[PDB]
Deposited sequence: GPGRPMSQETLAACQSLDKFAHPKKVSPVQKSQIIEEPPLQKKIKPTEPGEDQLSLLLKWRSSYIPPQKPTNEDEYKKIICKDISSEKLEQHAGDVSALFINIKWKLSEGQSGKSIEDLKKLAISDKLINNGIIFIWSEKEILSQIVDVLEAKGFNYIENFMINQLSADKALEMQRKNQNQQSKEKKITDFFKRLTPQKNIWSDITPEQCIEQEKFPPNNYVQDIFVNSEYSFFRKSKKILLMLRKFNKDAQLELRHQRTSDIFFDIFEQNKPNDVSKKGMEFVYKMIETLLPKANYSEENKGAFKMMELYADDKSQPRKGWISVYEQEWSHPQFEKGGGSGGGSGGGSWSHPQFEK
């Protein structure tokens, strides 16, 4: 029966997290364009920020393009930029200890973990063709866009399992690190989102979260901190910042975007 299988029942959240349109009004975002974020002095651009989301793409192999731990060390975070807030940074298994060491070097302590279980849209079609054998021959990506997913009552065989020298990679980890201020107190909203949700992916693109998944992450950040959202008193004093932003979903109401070499 439809709606009762494991795959169609684990991806039920996607019907409510539709990403919104781009904000047309100019006074709802910042949209900073720079050359080198690590060399950039962000304290001039933005004031007290309650949520700093670092959308960093790590370099881990010799030929893989991305940023490194040295680039994270060169990045400057001070009390002017963020004195009481939370850092959301994409972590990896290979450099987790280095990431937490360099971030505790800047006064940020580990608090929580929020991860995305990777599900393969390629393996879904492969398993459907393996088990059943007319709509299964279209594209592993149009099924992501049209949300027409094949039934699956055992999801453990659909995981994206990328190559590794150890246990195969099947998750994406978003670390949360909070700068505990002393005099001030930061507004929270406890237990509004689970620290786990399943999301579809591509076998060839394990490090590209979907638009609805990024919407889920953004709404998790915005629900966690309610006074950092866009309002009348937050005009010119936006309390949400992005590092290494992209034009895909970042122009947003109440969000400061910092781009890299546009």
Deposited-sequence ranges lacking CA coordinates, in order, are 1-47, 181-200, 330-357
